[PDB]
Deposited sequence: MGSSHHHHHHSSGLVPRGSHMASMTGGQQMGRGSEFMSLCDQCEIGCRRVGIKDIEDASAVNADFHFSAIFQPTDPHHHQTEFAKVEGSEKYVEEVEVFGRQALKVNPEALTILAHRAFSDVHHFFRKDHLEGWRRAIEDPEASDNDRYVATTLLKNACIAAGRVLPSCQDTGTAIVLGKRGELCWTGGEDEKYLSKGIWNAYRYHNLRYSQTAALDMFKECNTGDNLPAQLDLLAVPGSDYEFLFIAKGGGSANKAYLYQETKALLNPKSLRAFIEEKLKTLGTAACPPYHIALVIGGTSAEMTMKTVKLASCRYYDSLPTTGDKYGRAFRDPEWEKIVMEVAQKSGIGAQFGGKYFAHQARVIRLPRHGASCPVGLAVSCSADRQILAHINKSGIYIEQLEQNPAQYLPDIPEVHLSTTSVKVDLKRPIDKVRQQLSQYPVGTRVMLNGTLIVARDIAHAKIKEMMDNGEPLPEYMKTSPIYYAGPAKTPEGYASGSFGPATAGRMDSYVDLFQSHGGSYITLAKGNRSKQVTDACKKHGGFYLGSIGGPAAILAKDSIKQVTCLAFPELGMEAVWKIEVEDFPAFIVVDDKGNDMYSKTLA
């Protein structure tokens, strides 16, 4: 009466539907042997370094077809808003710049994540984590990427690791003699939009689930640079299993799962509720960052078994920097997923704001316009994000004044990637505004941060602060870090806190920097209707 049923039963477990390229000459890293009558593969662990290096290089300059098709759909759909088409066009042009292999597609070159599946008889010598980490180290050190990892020296004392390590290395033991991989360069902002809900059987009916989806999609907001790949996982054997599943679903790793359940509790994709997620996303009006239809590229919904007392639910997105690559090592060598090298084939007024004026004159000009107005910024921005804000608040709590450089220019929340030789700037797109919300009222009450520039919707405290203090929040397009660096950023200099690395305070000169007035000085917020 015993019947074993694996939870996950993909019809394409080795991902034959994906196109792979062989690393030339890589069959020299492997050797087929036989021990105790069974076939085994000896793998020179230097293959893991080579593979990880190429994976975490390529993934920053090219995209998958299904991601690029979504941007074209947003341009060509008659039901797309004008802002949908504008944002999607910008992202596609950004992808064309990134395809030049110098600038990465986003300044947040992400956390390096490796899902590895080592066959029982795949023999590497066992130092996989070291050799994989060396390849990741190579990719981030020898390319114009960014060191984004923050080490905790104690509970509160932190420093940048300076090399984008440690990686997340999830190496699984599986049958056979091959080594299969999914590499993910996961941005922090989209990682932050991975949510776990602890629900109950009372959720599991059509009316309750639909209302739940409507409520939760809004909480994603625009803070992870939509259009999104939206993944929703209902059920799971534990919270951590639910969240791992929703991550992998967002990477389309589970696309070949069955579409029906059975009495053994196997996982399945639910295309009907995928359609419902897309309808909710489209009718939400949130759009591709600034109102419209293209909140989402596509949706994945995976229904899981559950303990009768339990119903964990995971919701997560893949963002505009949709960065994963499949790979495998076998008797023939090293194979890596082929991404789209020619994104250009998918490619079918505003207010000039002079920032080279007194900030009060800039505030006066912005006050003339409603939320949703598109602006083009020309002049100096002061760049500061999470740690700089915390240090400055800490200074003020010790009686120190708000520094003068926080009062002369708009504050751009951003952290740049490394600058290529001969370039004015590396990739340099915006950070999530909402993480700095707790500082705006304080800084504005001390005569600074009257104008901020970042991406994402903000909390009500920021709307109230801008109305109280005559302030503004400007929304940059989120994601197009390469085209901003190439076309808009003309000069970059470190102004304060150099030891923070990318989180130092910078002074940058920009030209033709596009943004929308998201919050004005009158209590208005262009997200108040769609994200209420």
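- Message: Without any C-alpha position in the structure, which residue ranges of the deposited sequence would you list, numbering from 1?
- Response: Seq positions lacking coordinates: 1 to 63, 412 to 420.
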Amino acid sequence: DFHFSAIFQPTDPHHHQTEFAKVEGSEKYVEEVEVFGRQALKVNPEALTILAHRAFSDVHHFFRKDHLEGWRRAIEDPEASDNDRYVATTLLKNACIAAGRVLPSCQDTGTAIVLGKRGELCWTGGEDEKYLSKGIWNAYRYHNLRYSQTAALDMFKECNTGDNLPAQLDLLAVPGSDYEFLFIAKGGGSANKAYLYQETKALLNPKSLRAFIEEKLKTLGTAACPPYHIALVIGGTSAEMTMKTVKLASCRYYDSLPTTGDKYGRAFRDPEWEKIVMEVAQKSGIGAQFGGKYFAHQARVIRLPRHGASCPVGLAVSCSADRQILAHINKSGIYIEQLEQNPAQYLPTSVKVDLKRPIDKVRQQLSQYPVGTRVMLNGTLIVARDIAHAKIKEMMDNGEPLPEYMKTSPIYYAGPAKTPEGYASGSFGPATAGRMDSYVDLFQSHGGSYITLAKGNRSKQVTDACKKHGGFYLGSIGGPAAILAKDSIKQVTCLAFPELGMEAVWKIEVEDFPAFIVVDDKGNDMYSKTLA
From here on, numbers count along this sequence of modelled residues.
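- Stretch with the greater mean C-alpha B-factor as recorded in the entry, comparing 462 to 470 against 35 to 43: 462 to 470 has the higher mean C-alpha B-factor.
- Query: For the C-alpha atoms alone, is the average B factor greater in 183 to 191 or in 99 to 107, going by the entry?
  - Reply: Averaging CA B-factors over each stretch, the winner is 99 to 107.
- Tell me which of 75, 239, 433, 172 tops the list for C-alpha B factor in the record. The record points to 75.
- Message: According to the Cα B-factor stored in this entry, which of the following is highest: 68, 52, 492, 477?
- Response: Among 68, 52, 492, 477, the highest C-alpha B-factor in the entry belongs to 492.
- Task: Could you look up the Cα B-factor of residue 412 in the entry and say which third of the chain it sits in: lowest, middle or highest?
- Result: It falls in the middle third of the chain.
- Message: Using the temperature factors of the C-alpha atoms in this entry, rank residue 448 within its chain: lowest, middle or highest third.
- Response: Top third by C-alpha B-factor.
- Message: Test of reading the entry: by CA B factor among the chain's modelled residues, which third contains residue 268?
- Response: CA B-factor rank for residue 268: lowest third.
- Message: Looking at the temperature factor on the CA atom of residue 253, which third of the chain's modelled residues does it land in?
- Response: It falls in the bottom third of the chain.
- Place residue 227 in the lowest, middle or highest third of its chain's C-alpha B-factors, as listed in the PDB entry. Lowest third - that is where residue 227 ends up once the chain's C-alpha B-factors are sorted.
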